[PDB]
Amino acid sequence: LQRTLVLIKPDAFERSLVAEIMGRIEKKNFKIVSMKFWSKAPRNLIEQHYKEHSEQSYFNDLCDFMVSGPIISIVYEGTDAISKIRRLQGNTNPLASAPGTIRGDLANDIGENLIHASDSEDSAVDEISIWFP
């Protein structure tokens, strides 16, 4: 049993895909244990969330996008939730994400990619602490 942190990104709101994305996770039998709606996430939480990318060329654009609309932060619980939801999510690169995955079916950009999911036990604990202190 694990908990993982998911963000529904602003593009999902723009494209009316919030329920589509949450529903794929729900259908896999993962349970919501915490959830918050952000009309606009604070810049600082975004920058901490993506702190590992702070020196990357895309950092400012990434942060700007992430505050360009609402987000939902969700903690999901289930056996091996971290790796399983990562598999549902699909590759960051739209040249690679597989049909059947969230990004494979729905995302068409490396940045506007609909969903964040924690990538490891340690990052899940960190991200949960950021969004649900």
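Heads up: residue numbers just count along the shown sequence, starting at 1.
In this crystal structure, the stretch out of 54-62 and 97-105 whose C-alpha atoms carry the higher mean B factor is 54-62. Once the C-alpha B-factors are averaged per stretch, 81-89 and 30-38 rank with 30-38 first. Looking only at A117, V125, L17, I25, the residue with the top Cα B factor in the deposited structure is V125. Among all modelled residues in its chain, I72 ranks in the middle third by Cα B-factor.
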